[PDB]
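[1] could you work out the structure for the sequence below:
(chains A, B, C, D, E, F, G, H, I and J, ligands or ions: 3)
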Amino acid sequence: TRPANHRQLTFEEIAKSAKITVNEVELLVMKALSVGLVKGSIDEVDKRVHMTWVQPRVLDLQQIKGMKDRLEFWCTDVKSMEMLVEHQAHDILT
Amino acid sequence: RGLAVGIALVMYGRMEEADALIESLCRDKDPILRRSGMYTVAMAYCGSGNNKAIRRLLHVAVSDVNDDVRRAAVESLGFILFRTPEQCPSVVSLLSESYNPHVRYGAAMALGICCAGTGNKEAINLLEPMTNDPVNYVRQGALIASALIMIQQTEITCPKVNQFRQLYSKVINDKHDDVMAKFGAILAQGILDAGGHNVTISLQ
Amino acid sequence: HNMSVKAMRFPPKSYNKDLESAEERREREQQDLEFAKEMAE
Amino acid sequence: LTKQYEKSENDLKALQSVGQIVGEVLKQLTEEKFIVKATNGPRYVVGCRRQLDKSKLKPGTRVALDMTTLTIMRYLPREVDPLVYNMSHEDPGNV
Amino acid sequence: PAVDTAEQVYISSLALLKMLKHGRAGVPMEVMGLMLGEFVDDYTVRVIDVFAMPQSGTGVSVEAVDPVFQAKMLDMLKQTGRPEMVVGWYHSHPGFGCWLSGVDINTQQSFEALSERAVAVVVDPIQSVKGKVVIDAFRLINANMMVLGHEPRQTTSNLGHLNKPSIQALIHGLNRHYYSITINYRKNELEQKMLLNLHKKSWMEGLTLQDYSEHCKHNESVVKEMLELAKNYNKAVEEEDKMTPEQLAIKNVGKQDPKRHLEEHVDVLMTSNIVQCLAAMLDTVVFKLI
Amino acid sequence: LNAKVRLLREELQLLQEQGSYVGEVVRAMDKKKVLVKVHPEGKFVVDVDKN
Amino acid sequence: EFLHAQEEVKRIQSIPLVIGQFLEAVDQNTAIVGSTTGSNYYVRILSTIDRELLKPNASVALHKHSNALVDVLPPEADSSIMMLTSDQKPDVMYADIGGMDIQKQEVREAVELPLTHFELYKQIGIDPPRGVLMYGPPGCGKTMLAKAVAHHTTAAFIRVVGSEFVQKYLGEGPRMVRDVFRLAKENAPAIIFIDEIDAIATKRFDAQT
Amino acid sequence: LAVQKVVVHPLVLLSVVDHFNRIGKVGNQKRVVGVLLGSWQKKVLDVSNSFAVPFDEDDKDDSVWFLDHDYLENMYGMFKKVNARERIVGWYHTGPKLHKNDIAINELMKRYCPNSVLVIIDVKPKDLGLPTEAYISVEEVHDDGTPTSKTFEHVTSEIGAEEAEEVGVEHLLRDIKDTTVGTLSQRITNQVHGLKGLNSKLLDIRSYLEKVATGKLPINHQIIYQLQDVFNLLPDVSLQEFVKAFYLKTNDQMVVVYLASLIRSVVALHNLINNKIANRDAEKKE
Amino acid sequence: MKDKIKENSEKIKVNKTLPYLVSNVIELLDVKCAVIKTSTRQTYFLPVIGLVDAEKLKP
Amino acid sequence: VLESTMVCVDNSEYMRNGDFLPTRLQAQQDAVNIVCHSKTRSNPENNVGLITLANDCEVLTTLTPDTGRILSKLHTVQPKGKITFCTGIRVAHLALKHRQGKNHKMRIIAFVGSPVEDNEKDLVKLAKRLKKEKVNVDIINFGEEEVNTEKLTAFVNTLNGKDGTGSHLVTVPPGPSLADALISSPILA
Ligand SMILES: Nc1ncnc2c1ncn2[C@@H]1O[C@H](COP(=O)(O)OP(=O)(O)OP(=O)(O)O)[C@@H](O)[C@H]1O
Ligand SMILES: [Mg+2]
Ligand SMILES: [Zn+2]
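    Numbers count the residues shown, from 1 in each chain, chains lettered A, B, ... in the order given. Ligands and ions are numbered 1, 2, ... in the order given. For reference, the structure is listed below:
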């Protein structure tokens, strides 16, 4: 659910969401890390879990539309930078 | 090859009216049609000195995948600059020493066409080293051009007339010289004394 | 670098004279004609 | 005789064959270039046949090269000197 | 009806590549094959395609044409849209130039007996370099006509005298037993664009960044090299101050030039570092999380 | 640049011209003759170039 | 067109090429080279030949017809004599040799120590000996000490016998001598061992034989 | 897989183009099919030759199609006589994209070569991509419980040439190819082409997602799985650690660029010195 | 086939014309094949021996 | 006559029946052996080839002036699958369109021994398409002629049109051997 910029889950968040005690949260992450469901690391000093990868899941049509909008923004960025490089280096472009 | 000259002749002396044709012929993938475009540039700008056509001819001469097209592009400069014969030994002088033997032949032929009958000393000075070119047809073209430039010319009018008169005889009487150089020398002898010493060449 | 390169001047030497001379190039054509006329026979 | 015709045709096919210069591989320069020394002659930078192994052409290997292009035609075992062959094949006398 | 010296042999791109590959594969055999095409007119001999004939056995020479193989290949190629007659034969000359030997003359006599305008093409896959392939086309000069005092072919243009014959060919009977036909190439836009894809790098490696550990190690190594190169460059300047003009090049023989190596290292490092920086900057915009 | 290109193209033909033997001069003689010893090939009485 | 001419001039390097020895650079574009055919020629140098590689006693590739210098071969290439491989290393150890401590010390101080401690020799002021002549009555451990040196060296070892240099092909003897020395130089540190040096180092020479 | 890379020689491209043109001279065709011959080097295919085979198909039905396999065998023998080291490694066709009956044709070809490779060679001069697209038949074991089927797994395709083939190609590309451009310009043009190719690929993905959203195509549930990974792989260039590392690396490369430019400027000044000295000497002696 | 045999012999006679180069057979290999040394101090490998039975040859 | 033929043999399940002695598969094997021999002696330049009519059509052998290979292919032909007459005829027509010699004439031998599970419209349109290309398809209506006698009737009538006996519908009732009825049929005449 969380965007890639905010995939740092506090121990309290996992404990509350999973209906488990805080001291067990780490062990839960261990299983999810061992099976391969998720990827990341655990910072037990700050009681946080840095999650970097998720098992891909079945998406709804609306989620696919949002993904296509993300692709629209990505295509706009790629095209803009391609035109920038073509314009700036036009004289030396082969 | 016949249609290349024919299409050019269809648009003789048409100034810019041939432009729509010229850009069509110069952009064609067929090398012979590009040569036809060069000839059409020559015919549609006969002696007008139009530097647009000269620019196009020079661009094709220095950048073209076919040697025949380059040679015709350099050749076509004479038909454009004959009205100002002094200009040809300047625009073409550097082309006369290029790596491409076809471009050198075109340079010689441009000197011949533009400075025909004028007896231009600068053009003859350019052609004189070209008669010793390593390539045979370059020598032949230089000899024919030298004949065209100083046809009818006497010793007082052109100091180099006797030198080339003896050069043609030496080339013809040289058993070890290439057959095409001798062909050019014989054509040069025919041109230099054409019409029983009573005729000239003048496109104007 | 660009300023220094643009400041390099080549004197107007008689170019294409360091190439093959006409008489010496003809020497090779005659000697090679003799080569072809004698070796093959 | 059919066998006589076979032998005559074999001689005819053999007549078109040309001997190959025997040299020795000195060093493989590239995948298609070798330095080989003729048995009694100069050293040459030659090529090799594509169908040849090129792994049996270790330095010091005796090779047979084309007469014209000097391309390595074949690799041969170490030569036995005829004098050495006569030394080995000398009858003692059943003593 | 004397043949004209302006006759030209038009070899297609596919044909040229086929003969070059077959000749290089068969080095040093004089491997041969047949050239399918069409006699367009008395001045053109188009070579649409070629197919290689298998070698009977060992021997660096042209073998006899196998009629069974030729007939089978022609009949099967006619089944897939190649109904082009044999306009001659090609064979390879691995490194000794393009010409015809006595065996080649005897072989070409067969084709000339079949088709009077057949062409014997010789390609040198060994002496061919990028941008310039050593190739030639030949047709035999009949001894009866030339001996009596007749030129083998009529010269109605300059087209037949543009290529100066090589001395190797002249020694081997050129212009005596056979004559050379000017070879021109037919290249279309489609085939040129198709060939342009050779060595065309994939789009992925255009944005691919070099390993930064190896890039830094290379930068450090080359800079350490330029250290010694400049240390020697100072000495080179002082030596060339007091050095006679006859030694400007003779004394440079066998001794490395610090200036040239310095230029090479500078060019290499400029290119590598500028490319890496530009690629990283492009990737920081293209692949972004926001 | 054109002179460089032309010299490069002529160099291919020049490099096919046969190399020159290296000999040792024994003595000069009359009529511009020199007695030389080619390295493997004994002695010769050779002419002298006009240059 | 300059790039095209540079590309097309490389057909002069097409194989087969004869192998010569760069003797002298007469001027920028011409040089005297000693072909392996046995004749010295004054030929031209290809303009695209790296003149930094035209060192003395360098093997070059010459055009088969015109003898023109068209390539420079790598220095380690063109050597009829090969270095000792790992399998060719003799099994003789220093411990196998008994009672030659003086000879072992002299050989080590003159051969194996300068190879690893040349900077120390320079710092002290000693001039390391270029060569070592081991002499004595037959069967006194000379060749075996050479074997032990070859077995216990980190440098290249080039074992050769003096009688190998004398060959029927005139010029091949000196050619392979300079090949041995060039191979050793290109693989420095290296040790050249010439057993039975009397075969090419006698003091009497008959000029008519 | 059994195939890591497929190298298609320019001779194969020219043969395919010629086959397509000579068949299309009839004026009624869609694609042509032939057999690919090559050698095997480690796990890298070396497609080096090809030959046309008779082939036809129905425009409407995909199950109706004829391929002359006897012709295939006979020309395989004829080519093997010429070159024994070139064996059947797959087939080709000039259809711009795959066909539903391509799996059946690959099954037919698999008898002659068990790991057959299909190289779709687009005759049309595509501006960005390579004309060749290589595929190999694999048994796709789905995890949805659907029965295992045969699909075409893509294979990285490259155009490589033999020495003589490269010589011939350069002779044919002598005029068109411009080699005067420096290496740096070539790399920058490579970067531009990479940007264009990435934009094209992203646009293809966007078009597929657009078709899926409007229901023109069903949700694959496997392309979506890959796309989630693709979007997860997008790095965060706004991180403090990454920004500091990028700045440090850029400065490390810029100091090297500065040293190279300084040395270049000094060498250029030396060249100017030599030029001026030579000019002064030439004018002094004359 | 008699005429073909006679023409083959005639071709052999053309190729068997004098002079011959005197050589010494050095070696006999199998891959039937010979290695000879001519009096010109040249060593050649012959993939086929020629007009002499390989059994009648010794080094 | 200088014509090329391609036999549409049937290897469906119903060829396992013993209606034709000894088995319908062996019976059609003998019939194919007879018809290919007849086409071979009719003209030495004639071309023959084998196309199977299984669940999915498979061209066993393309046109060739050889006979023994056809029976060699038929020997390994096992009875499997259901007849697919619609696609088989078009596959055969595609094969004839690529014969070695285009001067040969169209001809297909059809061995129908199983019901045709198609609408009459598809059959008549196929017959019209073949007639446009001057394709003659000779059909042997053995096996289940009690149900196929109408669809094949329309096929042959539309193929032959109103004039010319280009194709025939020889129907062989079950008996000792359908090949013994082939030599009297117009197929081999
Ligand atoms: N110090 C030693 N300890 C043991 N064995 C020795 C010693 N010196 C010589 N030998 C014996 O010498 C034998 C071989 O002699 P070696 O080749 O070393 O002599 P050399 O000086 O090279 O002779 P030559 O002058 O005849 O060539 C070996 O079998 C070895 O056992
Ligand atoms: Mg000893
Ligand atoms: Zn030949």
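
[2] quick one: buried residues of the helix or strand where residue J:92 lies?
    The secondary structure element spanning residue J:92 is helix J:85-97 (assigned by DSSP states H and E). By 16 or more other CB atoms under 10 Å in any protein chain shown, the buried positions in helix J:85-97 come out as J:85-96. Yep, even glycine has a C-beta here, placed from its N, CA and C like the rest.

[3] now the helices for chain I?
    With DSSP state H as the criterion, chain I has helices at I:2-15.

[4] an error on my part: the question was meant for chain C.
    Listed from the start of the chain, chain C has helices (DSSP H) covering C:2-6, C:22-39.

[5] ok, residue I:31 - contacts?
    Shown here is residue I:31, which makes no contacts under the criterion CB atoms under 8 Å, 6 or more residues apart in numbering or on different chains.

[6] ok, it to residue J:155 distance?
    Residue I:31 sits 65 Å away from residue J:155 when distances are taken as CB to CB, to the nearest Å.

[7] same deal with residue B:41?
    68 Å.

[8] now for the helix holding residue J:92, which elements pack on it?
    Helices and strands touching helix J:85-97, by 3 or more CB pairs under 8 Å, 6 or more residues apart in numbering or on different chains; DSSP states H and E, are strand H:55-57, strand H:65-67, strand J:4-9, strand J:47-52, strand J:58-64, strand J:108-112, helix J:120-132.

[9] what's that helix in contact with?
    H:56-58, H:61, H:63-66, H:68, J:4, J:6, J:8, J:49, J:51-53, J:56-57, J:59, J:62-63, J:106-108, J:110, J:112, J:116, J:118, J:122, J:126, J:130, J:133, J:135, J:137.

[10] hey, which strand is longest across chain D?
    Counting by DSSP state E, the longest strand found in chain D is strand D:20-30.

[11] phi, psi of residue G:26?
    For residue G:26, the backbone dihedrals (degrees, to the nearest 10) come out as phi -70, psi -50.

[12] just the one 5 residues further on next, same as before
    Note on residue G:31: backbone dihedrals following degrees, to the nearest 10 are phi -160, psi 160.

[13] from residue E:261, how far off is the nearest residue to it once chain neighbours are set aside?
    With CB to CB, 6 or more residues apart in numbering or on different chains as the measure, residue G:25 is the residue that lies nearest to residue G:31, at 4.8 Å, once sequence neighbours are left out. Using CB to CB, residue G:25 is found at 20 Å from residue E:261.

[14] show me the contacts for the residue nearest to the spatial centre of chain J.
    Nearest residue to the geometric centre of chain J (CA atoms, centre = their mean): residue J:110, 1.7 Å. Under the criterion of CB under 8 Å, 6+ apart, the neighbours of residue J:110 are J:8, J:85, J:89, J:137-140.

[15] who touches the residue nearest to residue G:31 in this structure?
    Under the contact definition (CB under 8 Å, 6+ apart), the residues listed for residue G:25 are E:250, E:253-254, G:31, G:45, G:51, G:54.

[16] tell me which of those is nearest to ligand 3?
    Using CB to the ion, residue G:45 is the member of the contacts of residue G:25 that lies nearest ligand 3, at 32.6 Å.

[17] give the buried residues for stretch E:53-61.
    Neighbour counts using 16+ other CB under 10 Å place E:53-55, E:58-61 of stretch E:53-61 among the buried residues.

[18] who touches that stretch?
    Surrounding stretch E:53-61, the residues in contact under the criterion CB under 8 Å, 6+ apart are D:13, D:16-18, D:66-69, E:26, E:28-34, E:63-66, E:69-70, E:103, H:78, H:81-82, I:47.

[19] PyMOL command for the buried members of the residues you listed?
    In PyMOL, the members of those classed as buried (16+ other CB under 10 Å) are selected with the following command:
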select buried, (chain D and resi 17+18+66+68+69) or (chain E and resi 26+28+29+30+31+32+33+34+63+65+69+70) or (chain H and resi 78+82) or (chain I and resi 47)
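
[20] taking the contacts of stretch E:53-61 one by one, which sit in helices?
    By the criterion of DSSP H, membership of the contacts of stretch E:53-61 in helices covers D:13, E:69-70, E:103, H:78, H:81-82.

[21] and the two most separated of those?
    In terms of CB to CB, the ones in helices among the contacts of stretch E:53-61 reach their longest pairwise distance at E:103 and H:78, which sit 24.7 Å apart.

[22] the residue nearest to residue B:95 when sequence neighbours are not counted sits in which helix or strand?
    Once its chain neighbours are removed from consideration, residue B:95 has its nearest residue in residue B:107; the separation is 4.3 Å (CB to CB, 6+ apart). Assessed by DSSP H and E, residue B:107 sits inside helix B:101-114.

[23] name the helices or strands packed onto that helix?
    In this structure, helix B:101-114 packs against helix B:51-62, helix B:67-81, helix B:88-91, helix B:121-130, helix B:136-149, with contacts taken as 3+ CB pairs under 8 Å, 6+ apart.

[24] what about the third one, distance to the chain center?
    Right, helix B:88-91. Relative to the mean C-alpha coordinate of its chain, helix B:88-91 is positioned 12 Å out (CA atoms, centre = their mean, to the nearest Å).

[25] what comes into contact with that helix?
    Contacts of helix B:88-91 with the rest of the structure, by CB under 8 Å, 6+ apart, involve B:54, B:58, B:77-78, B:81-82, B:110-111, B:114-115, B:120, B:122-123, B:125-126.

[26] now tabulate the contacts of residue J:110 in a markdown table and tack on distance to residue G:70.
    Written out in a markdown table, the entries for the contacts of residue J:110 read as follows (distance: CB to CB, whole Å):
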| residue | distance to residue G:70 |
| --- | --- |
| J:8 | 69 |
| J:85 | 73 |
| J:89 | 69 |
| J:137 | 71 |
| J:138 | 74 |
| J:139 | 76 |
| J:140 | 77 |
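
[27] who wins for most neighbours among these?
    residue J:140 (29 neighbours; other CB atoms under 10 Å in any protein chain shown).

[28] ligand 1: which of the contacts of residue G:25 is nearest?
    Taking CB to the nearest ligand atom as the measure, ligand 1 sits nearest to residue E:254 out of these, at 39.1 Å.

[29] in stretch J:151-159, what counts as buried?
    If you call a residue buried by 16+ other CB under 10 Å, then stretch J:151-159 has these buried ones: J:151-152, J:155-156, J:158-159.

[30] quick one: contacts for the residue nearest to residue F:36 when sequence neighbours are not counted?
    Sequence neighbours aside, residue F:23 is the residue nearest to residue F:36 in space, at 3.7 Å (criterion: CB to CB, 6+ apart). For residue F:23, the set of contacting residues under the criterion of CB under 8 Å, 6+ apart consists of F:36-39, F:44, F:46.

[31] make it 10 Å
    Contacts for residue F:23 were tallied using CB atoms under 10 Å, 6 or more residues apart in numbering or on different chains; they are F:34-39, F:41, F:43-44, F:46, G:40, G:42.
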